[PDB]
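This report concerns only the one structure given below.
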Amino acid sequence: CXXXXXXXXXXXXXXXXXXXXX
Amino acid sequence: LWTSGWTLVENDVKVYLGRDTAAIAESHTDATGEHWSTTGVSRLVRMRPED
Amino acid sequence: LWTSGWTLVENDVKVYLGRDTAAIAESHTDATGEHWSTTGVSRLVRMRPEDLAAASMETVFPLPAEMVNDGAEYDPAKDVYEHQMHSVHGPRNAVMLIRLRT
Amino acid sequence: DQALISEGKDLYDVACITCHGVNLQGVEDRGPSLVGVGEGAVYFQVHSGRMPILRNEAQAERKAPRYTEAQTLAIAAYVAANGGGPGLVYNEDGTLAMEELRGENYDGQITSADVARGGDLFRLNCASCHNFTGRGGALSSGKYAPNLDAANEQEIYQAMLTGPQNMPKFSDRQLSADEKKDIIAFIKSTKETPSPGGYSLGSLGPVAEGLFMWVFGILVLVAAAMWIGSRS
Amino acid sequence: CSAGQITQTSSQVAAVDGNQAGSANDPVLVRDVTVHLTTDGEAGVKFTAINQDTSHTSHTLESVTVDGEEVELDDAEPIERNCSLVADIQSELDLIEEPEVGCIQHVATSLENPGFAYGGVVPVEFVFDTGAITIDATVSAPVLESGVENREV
Ligand code: HEC
Ligand code: HEC
């Protein structure tokens with residue numbers, strides 16, 4: 001009733017994209 | 001009621017005699033389903049005095 | 001109700017994020033009356049990840065690679081308007097892209 | 001210019017001081033940092049009479065301007081010297097463009113082909129937050145998107161350029177110059193055009209047409225019925 | 001009721017690209033920090049260092065490191081009391097002018113463009129004479145000349 005299948009994050013995240021191809 | 005699309009001849013337009021080829025749309029199936037296109041197809045075609 | 005235009009991703013189609021440029025049909029009158037051409041006009045255009053400032057929102061639509069008519073390979077005699085208008089008129093196609101502040 | 005900055009910081013130092021701090025770095029819960037906002041964000045906030053804030057609430061109000069045009073531009077020049085962002089749009093000679101951003105193909109009047117495109121853009125993702133013809137709309141909690149009648153074209157451009165309050169920011173990369181000019185064309189055409197048929201009841205729509213009839217329309221007909229019939 | 005202790009106006013932020021560090025009890029502030037990368041592959045850092053500290057000292061900036069490589073500063077003088085150091089790429093720094101009224105220093109910056117992605121976030125690090133400030137900053141294109149930029153299509 002409260003919530004179907006939506007749950008909070010597993011663990012906090014961080015990254016740097018740095019999508020390069022020169 | 002005066003005009004008939006042949007009246008374009010009086011406006012210095014070059015009107016041909018168009019033979020009806022009764023061409024229909026072409027089906028094209030792609031990654032994005034099937035669609036009917038009429039790009040390459042000409043309904044009316046010019047005709048010759050030997051045809 | 002399971003599917004939208006984005007489901008095309010599953011079956012190996014490359015869909016872009018198409019921004020709506022709200023382009024209309026262009027009038028072209030010459031010797032045989034007036035006609036609305038809507039050829040060479042593209043209403044969905046590809047967008048880059050620099051085109052959006054922080055704290056902004058843009059509605060995007062599923063533009064597959066097949067009906068793209070912009071960039072280096074713009075063909076001014078290619079008609080893609082009706083397909084892009086099918087994309088924009090999908091019941092579940094609209095997606096809002098938000099760039100958040102850092 | 002130099003004198004512009006000089007006398008533009010004096011007005012800052014005696015007004016925009018408590019909030020925003022000395023070096024435009026902001027104060028904790030009084031006002032943000034003015035670093036990088038640009039010459040176009042100061043113009044919109046000051047000229048439109050928004051700034052300065054008098055009290056913290058849900059949303060700052062447009063009111064009577066505190067500064068003139070020249071004073072606004074001086075403060076803007078001073079602010080932009082602390083790291084500049086969006087700038088004012090100019091035309092041919094050094095002057096602020098006003099009746100030039102009335103369409104891409106604008107000459108002396110609005111092209112009907114500009115309002116058509118501007119209308120769809122202004123309705124693509126802009127006709128929601130506000131209204132249909134920019135009559136204003138409600139927001140979350142005491143906030144709202146204001147009626148668009150009071151803003152000049154430069155203010156419209158600078159509003160979208162540097163999204164203020166909750167209004168999202170629209171850069172040139174998102175909405176190009178031509179698109180922005182078309183949006184202005186539509187805005188200024190729908191405002192300045194009288195309704196073809198009738199007295200447009202504030203253009204609000206079904207809620208204003210239903211109050212005119214259900215409360216006022218029926219009352220006249222009741223008064224007519226009360227006149228023909230008897231009270232017994 | 002909307003004018004309480006938590007309001008929707010007091011808590012608002014700069015509404016620009018790139019965040020800041022330090023609020024009240026910090027000697028040095030950085031404002032509006034991004035990694036600018038011009039369309040045609042010209043890189044640099046935008047920031048503004050404000051030296052606001054009770055015990056007036058010398059807070060000269062030694063170096064800036066975006067991810068792995070440093071930044072070419074322009075021998076900026078130490079930031080004194082009620083001063084500022086506005087830095088950007090030279091191309092975007094010619095649009096504004098150095099005031100003679102306060103004490104504001106304009107400095108140009110540059111990078112090598114190793115491979116920054118638009119929309120990505122990178123850990124910019126400032127090293128002063130005393131202390132370092134590390135903040136994540138977005139990678140974005142500089143603001144366009146307003147009102148001149150149409151579409152290619
Ligand atoms: C896209 C084409 C548009 C147009 C034409 C406008 N907006 Fe908005 N807006 C919103 C909020 C909450 C504000 C407050 C701004 C402030 O006063 O600080 C605004 C601001 C404006 C103005 C300025 C007011 C005036 O001068 O009258 C104008 C002219 C304006 N807007 C029109 C709300 C939103 C929003 C979501 C809440 C979105 C999306 C937009 N606005 C976008 C546009
Ligand atoms: C309480 C007093 C207060 C004063 C006085 C004040 N401001 Fe502000 N200012 C704010 C607050 C709060 C905001 C938050 C955004 C908003 O509500 O518009 C703000 C926002 C701004 C913005 C929008 C920046 C952005 O893009 O986020 C500009 C520009 C601005 N102020 C400039 C000025 C100028 C110029 C003055 C000149 C006197 C001034 N302010 C005076 C409190 C103030």
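Starting from 1 in every chain, residues are counted up; chains themselves are A, B, ... following the order of the structure tokens, and ligands are numbered from 1 as listed.
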Counting only C-alpha atoms and all ligand atoms, which residues of chain D fall within 6 Å of ligand 2, and what is the closest atom pair for each with its distance in Å at one decimal, ordered by chain and rising number, as CSV?
```
residue,atom,partner,partner_atom_place_in_ligand_line,distance
D:12,CA,ligand 2,38 (C),5.7
D:15,CA,ligand 2,38 (C),4.3
D:16,CA,ligand 2,38 (C),3.6
D:19,CA,ligand 2,3 (C),4.9
D:30,CA,ligand 2,1 (C),5.4
D:31,CA,ligand 2,11 (C),4.0
D:32,CA,ligand 2,13 (C),5.8
D:34,CA,ligand 2,24 (C),5.9
D:37,CA,ligand 2,26 (O),5.2
D:41,CA,ligand 2,29 (C),4.6
D:42,CA,ligand 2,29 (C),4.0
D:45,CA,ligand 2,29 (C),5.5
D:46,CA,ligand 2,35 (C),5.7
D:51,CA,ligand 2,39 (C),4.9
D:52,CA,ligand 2,41 (C),3.7
D:53,CA,ligand 2,3 (C),4.1
D:54,CA,ligand 2,1 (C),5.5
D:60,CA,ligand 2,17 (O),5.0
D:164,CA,ligand 2,26 (O),5.6
D:165,CA,ligand 2,18 (O),4.9
```
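Any residue of chain B with an atom no more than 12 Å from chain C counts as a contact; using only C-alpha atoms, that gives residues 5, 6, 7, 8, 9, 10, 11, 12, 13, 14, 15, 29, 30, 31, 32, 33, 34, 35, 36, 37, 38 and 39 of chain B.
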Create the file for the chosen residues now, containing N, CA and C atoms and written as a compact mmCIF listing (two decimals), in the first residue's frame.
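Final file, result.txt:
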```
# COMPACT_ATOMS: atom_id res chain seq x y z
N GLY B 5 -7.68 24.43 -65.50
CA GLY B 5 -6.33 23.92 -65.30
C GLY B 5 -5.52 23.88 -66.59
N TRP B 6 -6.19 23.85 -67.74
CA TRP B 6 -5.56 24.09 -69.03
C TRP B 6 -5.37 25.58 -69.27
N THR B 7 -6.02 26.42 -68.46
CA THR B 7 -5.93 27.86 -68.57
C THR B 7 -4.52 28.34 -68.24
N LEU B 8 -3.71 27.47 -67.61
CA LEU B 8 -2.32 27.78 -67.29
C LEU B 8 -1.51 28.06 -68.55
N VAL B 9 -2.01 27.60 -69.71
CA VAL B 9 -1.31 27.78 -70.97
C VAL B 9 -1.29 29.26 -71.34
N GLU B 10 -2.34 29.99 -70.95
CA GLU B 10 -2.46 31.41 -71.22
C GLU B 10 -1.56 32.24 -70.30
N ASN B 11 -0.99 31.63 -69.24
CA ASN B 11 -0.11 32.33 -68.33
C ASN B 11 1.36 32.02 -68.64
N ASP B 12 1.67 31.63 -69.89
CA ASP B 12 3.02 31.28 -70.33
C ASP B 12 3.60 30.12 -69.52
N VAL B 13 2.74 29.15 -69.18
CA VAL B 13 3.19 27.93 -68.53
C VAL B 13 3.17 26.82 -69.58
N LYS B 14 4.19 25.96 -69.55
CA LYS B 14 4.29 24.88 -70.51
C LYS B 14 3.59 23.64 -69.96
N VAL B 15 2.38 23.40 -70.45
CA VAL B 15 1.56 22.30 -69.97
C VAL B 15 1.71 21.15 -70.97
N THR B 29 9.65 -1.10 -45.28
CA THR B 29 9.84 -1.60 -43.93
C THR B 29 11.27 -1.29 -43.49
N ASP B 30 11.38 -0.70 -42.30
CA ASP B 30 12.65 -0.30 -41.72
C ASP B 30 12.71 -0.72 -40.25
N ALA B 31 13.72 -0.18 -39.54
CA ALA B 31 13.84 -0.27 -38.09
C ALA B 31 12.69 0.44 -37.38
N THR B 32 11.91 1.24 -38.13
CA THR B 32 10.88 2.09 -37.56
C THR B 32 9.54 1.76 -38.21
N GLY B 33 9.25 0.46 -38.29
CA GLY B 33 7.99 -0.03 -38.83
C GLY B 33 7.92 0.08 -40.35
N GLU B 34 6.70 -0.04 -40.87
CA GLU B 34 6.44 0.02 -42.30
C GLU B 34 5.64 1.29 -42.60
N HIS B 35 6.02 1.98 -43.68
CA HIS B 35 5.37 3.22 -44.08
C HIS B 35 5.26 3.26 -45.60
N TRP B 36 4.22 3.95 -46.08
CA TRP B 36 3.95 4.12 -47.50
C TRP B 36 4.53 5.44 -47.97
N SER B 37 5.47 5.36 -48.92
CA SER B 37 6.06 6.56 -49.50
C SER B 37 5.76 6.65 -51.00
N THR B 38 5.65 7.90 -51.47
CA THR B 38 5.34 8.20 -52.86
C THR B 38 6.41 9.12 -53.45
N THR B 39 7.69 8.81 -53.19
CA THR B 39 8.75 9.73 -53.56
C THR B 39 9.13 9.56 -55.03
```
Protein and nucleic residues near ligand 1, 8 Å, only C-alpha atoms and all ligand atoms, as a ChimeraX atom specification: /C:57 /D:44-45,48,50,59-62,121-123,125-130,134,139,143-152,155-156,159-160,163-169,180,183-184,187
Wanna dump the chain A-chain E contacts at 7 Å for me, each residue with its shortest atom pair and the distance in Å to one decimal, counting only C-alpha atoms, ordered by chain and number, as JSON lines?
```
{"residue": "A:16", "atom": "CA", "partner": "E:121", "partner_atom": "CA", "distance": 5.8}
{"residue": "A:17", "atom": "CA", "partner": "E:120", "partner_atom": "CA", "distance": 5.4}
{"residue": "A:18", "atom": "CA", "partner": "E:116", "partner_atom": "CA", "distance": 4.8}
{"residue": "A:19", "atom": "CA", "partner": "E:117", "partner_atom": "CA", "distance": 5.1}
{"residue": "A:20", "atom": "CA", "partner": "E:115", "partner_atom": "CA", "distance": 4.6}
{"residue": "A:22", "atom": "CA", "partner": "E:115", "partner_atom": "CA", "distance": 6.9}
```
Which polymer residues have any atom within 8 Å of an atom of residue 20 in chain E, counting only C-alpha atoms, with same-chain residues fewer than 5 positions away left out, as a PyMOL selection string? chain E and resi 29-33+135
Would you write out those residues with N, CA, C and O atoms, as an mmCIF file, in the first residue's frame?
```cif
data_model
loop_
_atom_site.group_PDB
_atom_site.id
_atom_site.type_symbol
_atom_site.label_atom_id
_atom_site.label_comp_id
_atom_site.auth_asym_id
_atom_site.auth_seq_id
_atom_site.Cartn_x
_atom_site.Cartn_y
_atom_site.Cartn_z
ATOM 1 N N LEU E 29 36.959 32.462 -0.132
ATOM 2 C CA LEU E 29 35.805 31.946 -0.848
ATOM 3 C C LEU E 29 36.148 31.805 -2.324
ATOM 4 O O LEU E 29 36.932 32.582 -2.866
ATOM 5 N N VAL E 30 35.532 30.808 -2.959
ATOM 6 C CA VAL E 30 35.555 30.680 -4.405
ATOM 7 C C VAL E 30 34.112 30.729 -4.899
ATOM 8 O O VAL E 30 33.245 30.085 -4.319
ATOM 9 N N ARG E 31 33.872 31.527 -5.945
ATOM 10 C CA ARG E 31 32.541 31.722 -6.495
ATOM 11 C C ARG E 31 32.544 31.418 -7.989
ATOM 12 O O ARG E 31 33.472 31.803 -8.701
ATOM 13 N N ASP E 32 31.481 30.734 -8.436
ATOM 14 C CA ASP E 32 31.193 30.495 -9.843
ATOM 15 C C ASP E 32 32.369 29.779 -10.507
ATOM 16 O O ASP E 32 33.092 30.348 -11.328
ATOM 17 N N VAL E 33 32.542 28.513 -10.122
ATOM 18 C CA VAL E 33 33.678 27.721 -10.550
ATOM 19 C C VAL E 33 33.204 26.669 -11.543
ATOM 20 O O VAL E 33 32.435 25.778 -11.187
ATOM 21 N N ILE E 135 36.774 21.446 -4.776
ATOM 22 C CA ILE E 135 35.358 21.438 -5.110
ATOM 23 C C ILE E 135 35.154 20.783 -6.471
ATOM 24 O O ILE E 135 35.950 20.976 -7.389
#
```
I want to know what sits within 9 Å of residue 36 in chain E, based on only C-alpha atoms, with residues of the same chain fewer than 6 positions away left out; could you give that as a VMD selection string? chain E and resid 42 to 46 88 to 89 138 to 142
What would the file look like if the residues just selected were written as an mmCIF file, in the first residue's frame with N, CA, C and O atoms?
```
data_model
loop_
_atom_site.group_PDB
_atom_site.id
_atom_site.type_symbol
_atom_site.label_atom_id
_atom_site.label_comp_id
_atom_site.auth_asym_id
_atom_site.auth_seq_id
_atom_site.Cartn_x
_atom_site.Cartn_y
_atom_site.Cartn_z
ATOM 1 N N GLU E 42 39.159 24.842 -26.749
ATOM 2 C CA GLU E 42 39.950 25.739 -25.920
ATOM 3 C C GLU E 42 39.427 25.675 -24.489
ATOM 4 O O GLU E 42 38.250 25.929 -24.245
ATOM 5 N N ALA E 43 40.327 25.355 -23.552
ATOM 6 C CA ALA E 43 39.946 25.038 -22.186
ATOM 7 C C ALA E 43 40.497 26.067 -21.205
ATOM 8 O O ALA E 43 41.456 26.781 -21.502
ATOM 9 N N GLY E 44 39.878 26.098 -20.018
ATOM 10 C CA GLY E 44 40.288 26.950 -18.916
ATOM 11 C C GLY E 44 39.343 26.799 -17.731
ATOM 12 O O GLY E 44 38.381 26.035 -17.794
ATOM 13 N N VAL E 45 39.639 27.533 -16.654
ATOM 14 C CA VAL E 45 38.848 27.484 -15.436
ATOM 15 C C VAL E 45 38.297 28.881 -15.172
ATOM 16 O O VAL E 45 39.016 29.869 -15.312
ATOM 17 N N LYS E 46 37.014 28.944 -14.800
ATOM 18 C CA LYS E 46 36.418 30.176 -14.311
ATOM 19 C C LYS E 46 36.150 30.046 -12.817
ATOM 20 O O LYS E 46 35.585 29.050 -12.369
ATOM 21 N N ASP E 88 39.292 33.688 -15.802
ATOM 22 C CA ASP E 88 38.594 33.031 -16.895
ATOM 23 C C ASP E 88 39.586 32.823 -18.038
ATOM 24 O O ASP E 88 40.750 33.192 -17.918
ATOM 25 N N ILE E 89 39.121 32.226 -19.140
ATOM 26 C CA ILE E 89 39.901 32.169 -20.366
ATOM 27 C C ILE E 89 40.011 33.585 -20.926
ATOM 28 O O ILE E 89 39.122 34.408 -20.711
ATOM 29 N N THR E 138 31.409 21.595 -12.716
ATOM 30 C CA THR E 138 30.870 21.099 -13.973
ATOM 31 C C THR E 138 31.722 21.582 -15.143
ATOM 32 O O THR E 138 32.413 22.595 -15.045
ATOM 33 N N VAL E 139 31.638 20.844 -16.255
ATOM 34 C CA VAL E 139 32.280 21.240 -17.495
ATOM 35 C C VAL E 139 31.200 21.767 -18.434
ATOM 36 O O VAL E 139 30.257 21.052 -18.766
ATOM 37 N N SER E 140 31.360 23.025 -18.856
ATOM 38 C CA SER E 140 30.365 23.684 -19.683
ATOM 39 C C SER E 140 31.036 24.598 -20.702
ATOM 40 O O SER E 140 32.173 25.026 -20.508
ATOM 41 N N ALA E 141 30.303 24.881 -21.785
ATOM 42 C CA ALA E 141 30.716 25.828 -22.806
ATOM 43 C C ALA E 141 30.472 27.251 -22.303
ATOM 44 O O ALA E 141 29.515 27.481 -21.565
ATOM 45 N N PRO E 142 31.319 28.244 -22.676
ATOM 46 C CA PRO E 142 31.089 29.638 -22.286
ATOM 47 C C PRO E 142 29.780 30.176 -22.860
ATOM 48 O O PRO E 142 29.257 29.639 -23.838
#
```
For CA of residue 28 in chain C and CA of residue 21 in chain B, quote the distance in Å rounded to one decimal. 27.2 Å
Using only C-alpha atoms, determine which residues of chain D fall within 7 Å of chain E; present them as a ChimeraX atom specification. /D:2,5-6,23,25,28-37,56-59,80-89,142,172,176-178
Give me, as a Markdown table, each residue of chain C that comes within 12 Å of chain E, together with its shortest interatomic pair and the distance in Å at one decimal, counting only C-alpha atoms, with rows ordered by chain and rising residue number.
```
| residue | atom | partner | partner_atom | distance |
| --- | --- | --- | --- | --- |
| C:21 | CA | E:151 | CA | 9.7 |
| C:23 | CA | E:153 | CA | 10.8 |
| C:40 | CA | E:153 | CA | 9.4 |
| C:41 | CA | E:153 | CA | 8.6 |
| C:42 | CA | E:153 | CA | 7.9 |
| C:43 | CA | E:153 | CA | 9.9 |
| C:44 | CA | E:153 | CA | 10.3 |
| C:45 | CA | E:153 | CA | 7.9 |
| C:46 | CA | E:153 | CA | 9.9 |
| C:47 | CA | E:153 | CA | 11.5 |
| C:48 | CA | E:118 | CA | 8.7 |
| C:49 | CA | E:118 | CA | 5.7 |
| C:50 | CA | E:118 | CA | 5.5 |
| C:51 | CA | E:141 | CA | 8.4 |
| C:52 | CA | E:119 | CA | 8.8 |
| C:53 | CA | E:17 | CA | 7.0 |
| C:54 | CA | E:17 | CA | 5.6 |
| C:55 | CA | E:15 | CA | 7.3 |
| C:56 | CA | E:15 | CA | 10.1 |
| C:68 | CA | E:153 | CA | 11.0 |
| C:69 | CA | E:153 | CA | 8.3 |
| C:70 | CA | E:153 | CA | 5.6 |
| C:71 | CA | E:153 | CA | 6.8 |
| C:72 | CA | E:153 | CA | 9.5 |
| C:73 | CA | E:153 | CA | 10.2 |
| C:74 | CA | E:153 | CA | 7.4 |
| C:75 | CA | E:153 | CA | 10.0 |
| C:76 | CA | E:153 | CA | 9.7 |
| C:98 | CA | E:119 | CA | 11.3 |
| C:99 | CA | E:119 | CA | 8.1 |
| C:100 | CA | E:119 | CA | 9.6 |
| C:101 | CA | E:17 | CA | 6.9 |
| C:102 | CA | E:18 | CA | 6.0 |
```
Could you save those same residues with N, CA, C and O atoms as a CSV table (one decimal), in the first residue's frame?
```
chain,number,residue,atom,x,y,z
C,21,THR,N,12.0,22.1,-32.6
C,21,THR,CA,12.3,23.4,-33.1
C,21,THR,C,11.1,24.1,-33.5
C,21,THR,O,11.2,25.3,-34.0
C,23,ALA,N,9.2,24.0,-36.1
C,23,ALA,CA,9.3,24.4,-37.4
C,23,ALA,C,7.9,24.1,-38.1
C,23,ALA,O,7.3,23.1,-37.9
C,40,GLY,N,12.8,19.4,-46.5
C,40,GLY,CA,14.0,20.0,-46.0
C,40,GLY,C,13.8,20.6,-44.6
C,40,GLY,O,14.7,21.0,-44.0
C,41,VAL,N,12.5,20.7,-44.2
C,41,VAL,CA,12.2,21.2,-42.8
C,41,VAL,C,12.3,20.0,-41.9
C,41,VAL,O,11.6,18.9,-42.2
C,42,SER,N,13.0,20.1,-40.8
C,42,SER,CA,13.0,19.1,-39.7
C,42,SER,C,12.6,19.8,-38.4
C,42,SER,O,13.2,20.8,-38.0
C,43,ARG,N,11.6,19.3,-37.8
C,43,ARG,CA,11.1,19.8,-36.5
C,43,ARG,C,11.8,19.2,-35.3
C,43,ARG,O,11.8,19.9,-34.3
C,44,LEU,N,12.2,18.0,-35.4
C,44,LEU,CA,13.1,17.4,-34.4
C,44,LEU,C,14.5,17.5,-34.8
C,44,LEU,O,14.9,17.1,-35.9
C,45,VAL,N,15.4,18.0,-33.9
C,45,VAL,CA,16.8,18.2,-34.2
C,45,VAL,C,17.6,17.5,-33.0
C,45,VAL,O,17.1,17.6,-31.9
C,46,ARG,N,18.8,17.0,-33.4
C,46,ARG,CA,19.6,16.4,-32.4
C,46,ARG,C,20.2,17.5,-31.5
C,46,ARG,O,20.3,18.6,-31.9
C,47,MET,N,20.5,17.1,-30.2
C,47,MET,CA,21.0,18.0,-29.2
C,47,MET,C,22.2,17.5,-28.6
C,47,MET,O,22.4,16.2,-28.5
C,48,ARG,N,23.1,18.4,-28.2
C,48,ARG,CA,24.4,18.1,-27.6
C,48,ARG,C,24.4,18.3,-26.1
C,48,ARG,O,23.6,19.0,-25.6
C,49,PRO,N,25.3,17.6,-25.3
C,49,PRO,CA,25.4,17.8,-23.9
C,49,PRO,C,26.0,19.2,-23.4
C,49,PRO,O,26.4,19.3,-22.3
C,50,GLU,N,26.1,20.1,-24.3
C,50,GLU,CA,26.5,21.5,-24.0
C,50,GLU,C,25.4,22.5,-24.2
C,50,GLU,O,25.6,23.6,-23.9
C,51,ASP,N,24.3,22.0,-24.8
C,51,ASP,CA,23.3,22.9,-25.3
C,51,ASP,C,22.4,23.3,-24.2
C,51,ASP,O,21.5,24.1,-24.4
C,52,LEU,N,22.6,22.9,-22.9
C,52,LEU,CA,21.7,23.1,-21.8
C,52,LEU,C,22.5,23.6,-20.6
C,52,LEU,O,23.5,23.0,-20.2
C,53,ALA,N,22.0,24.8,-20.1
C,53,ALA,CA,22.6,25.4,-18.9
C,53,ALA,C,22.1,24.7,-17.7
C,53,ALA,O,21.1,24.1,-17.6
C,54,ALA,N,22.9,24.9,-16.6
C,54,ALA,CA,22.5,24.3,-15.3
C,54,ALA,C,21.2,24.9,-14.8
C,54,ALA,O,21.0,26.1,-14.9
C,55,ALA,N,20.4,24.0,-14.2
C,55,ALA,CA,19.0,24.3,-13.7
C,55,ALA,C,18.2,24.7,-14.9
C,55,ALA,O,17.7,25.8,-15.0
C,56,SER,N,18.1,23.8,-15.9
C,56,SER,CA,17.2,24.0,-17.0
C,56,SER,C,16.5,22.7,-17.4
C,56,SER,O,16.9,21.6,-17.0
C,68,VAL,N,16.7,11.4,-38.9
C,68,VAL,CA,17.5,12.5,-38.6
C,68,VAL,C,17.9,13.2,-39.9
C,68,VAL,O,18.3,12.6,-40.9
C,69,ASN,N,17.7,14.6,-39.9
C,69,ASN,CA,17.9,15.4,-41.1
C,69,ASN,C,18.6,16.7,-40.7
C,69,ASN,O,18.2,17.8,-41.0
C,70,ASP,N,19.7,16.5,-40.0
C,70,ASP,CA,20.5,17.7,-39.5
C,70,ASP,C,22.0,17.3,-39.4
C,70,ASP,O,22.4,16.1,-39.6
C,71,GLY,N,22.8,18.3,-39.1
C,71,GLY,CA,24.3,18.1,-38.9
C,71,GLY,C,25.0,18.2,-40.2
C,71,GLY,O,24.7,18.9,-41.2
C,72,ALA,N,26.1,17.4,-40.3
C,72,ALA,CA,27.0,17.3,-41.5
C,72,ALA,C,26.3,16.8,-42.7
C,72,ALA,O,26.6,17.2,-43.8
C,73,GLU,N,25.3,15.9,-42.5
C,73,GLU,CA,24.6,15.2,-43.6
C,73,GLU,C,23.2,15.7,-43.8
C,73,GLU,O,22.2,14.9,-44.1
C,74,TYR,N,23.0,17.0,-43.7
C,74,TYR,CA,21.7,17.7,-43.9
C,74,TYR,C,21.4,17.6,-45.4
C,74,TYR,O,22.2,18.1,-46.2
C,75,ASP,N,20.3,16.9,-45.8
C,75,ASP,CA,19.9,16.8,-47.2
C,75,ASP,C,18.7,17.7,-47.4
C,75,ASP,O,17.7,17.5,-46.9
C,76,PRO,N,18.9,18.9,-48.2
C,76,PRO,CA,17.8,19.8,-48.3
C,76,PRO,C,16.6,19.3,-49.2
C,76,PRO,O,15.7,20.1,-49.4
C,98,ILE,N,16.4,17.3,-17.5
C,98,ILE,CA,16.8,18.3,-16.6
C,98,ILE,C,18.3,18.3,-16.4
C,98,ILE,O,18.9,17.2,-16.1
C,99,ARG,N,19.0,19.4,-16.6
C,99,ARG,CA,20.3,19.6,-16.1
C,99,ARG,C,20.3,20.3,-14.8
C,99,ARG,O,19.8,21.4,-14.7
C,100,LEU,N,20.7,19.6,-13.8
C,100,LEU,CA,20.8,20.0,-12.4
C,100,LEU,C,22.0,20.9,-12.2
C,100,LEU,O,23.0,20.7,-12.9
C,101,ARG,N,21.9,21.8,-11.2
C,101,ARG,CA,23.1,22.6,-10.7
C,101,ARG,C,24.0,21.6,-10.1
C,101,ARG,O,23.6,20.6,-9.5
C,102,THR,N,25.3,21.9,-10.1
C,102,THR,CA,26.4,21.0,-9.7
C,102,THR,C,26.2,20.7,-8.2
C,102,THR,O,26.6,19.6,-7.8
```
Using DSSP secondary structure from the backbone, list all strand (DSSP E or B) positions within chain B, as a PyMOL selection string. chain B and resi 18-20+26-30+33-37+44-46
Name the residues of chain B that fall into helix (DSSP H, G or I) according to DSSP on the backbone, using the chain letters and numbers of this document, as JSON, numbers by chain. {"B": [7, 8, 9, 10, 11]}
Excluding same-chain residues fewer than 4 positions from range 101-116 of chain D, what lies within 7 Å of it counting only C-alpha atoms, as a compact mmCIF listing (two decimals) with C-alpha atoms, in the first residue's frame?
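And here is the file that came out, out_26.txt:
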```
# COMPACT_ATOMS: atom_id res chain seq x y z
CA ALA D 97 17.08 46.65 -28.48
CA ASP D 120 4.25 26.59 -30.62
CA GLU D 153 11.02 42.81 -24.96
CA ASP D 178 15.63 33.44 -33.74
CA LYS D 181 12.62 36.52 -31.04
CA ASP D 182 9.70 34.40 -32.30
CA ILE D 184 8.69 37.56 -28.09
CA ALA D 185 6.68 38.09 -31.31
CA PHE D 186 3.95 35.72 -30.09
```
